[PDB]
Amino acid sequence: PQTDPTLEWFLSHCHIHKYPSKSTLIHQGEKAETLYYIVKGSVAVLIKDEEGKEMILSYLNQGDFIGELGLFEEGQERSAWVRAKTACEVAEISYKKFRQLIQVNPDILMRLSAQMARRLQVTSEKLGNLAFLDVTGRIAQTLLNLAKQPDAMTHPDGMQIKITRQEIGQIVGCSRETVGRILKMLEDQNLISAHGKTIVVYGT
């Protein structure tokens, strides 16, 4: 189901706010004191390497918590930027108020922690993929994963997505021009087709 009494009980203690596409909701390095929850829309989580190249860590969607990593220890800073990808409606609540809720009904912490565990798995797998997959394998895996994001439109030949070469590069950790060359190959190999800011993935 989309939601449930526990989530709605939780949401009743929150203020829900709207953000236009491309808003930065969370800035890296700032003090964390607030927990968020996506009621509609999607965001990208961003970090940088030591040279200041931007990497897209994750997409997060409706039903996902954000800003949860500061909850657990005093005086923590936001680990990453979070930017709207889509017009967003986002519930929000102070860590203070959320800690009470946790005592009232620990399941709400269970819900949150299920997401942190999944994130650690997913993020660990990407790490492994740096070393175990080659760049072509990583782009291809990325196309496969994008293909089952909840925003992926349906098509006679498989899932259609919309993403720039730039964005694919930032997800995988390679340049825009490398993505360019590789997509060209992939479709010349009739595994995908790519006309527009928009790509059809066969199978999925």
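Numbering starts at 1 and follows the sequence shown.
Look at the C-alpha B-factors of 118-126 and of 83-91. On average they run higher in 83-91. Averaged over CA atoms, B-factors in the entry run higher in 70-78 than in the other of 98-106 and 70-78.
Of the candidates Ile26, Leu57, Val172, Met153, it is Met153 whose Cα B-factor is highest according to the PDB record. For the set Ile47, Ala147, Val39, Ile139, the PDB entry assigns the largest Cα B-factor to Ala147. Among all modelled residues in this chain, the alpha-carbon of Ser12 has a temperature factor (C-alpha) in the lowest third.
Annotation for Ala32: C-alpha temperature factor in the middle third relative to the rest of the modelled chain, per the entry. Residue-level temperature factors show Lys184 in the highest third of its chain, judged at the C-alpha atom. When the CA B factors of the chain's modelled residues are split into thirds, the value for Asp64 lands in the lowest one. In this PDB entry, the Cα temperature factor of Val43 sits in the bottom third of its chain's modelled residues, the lowest group.
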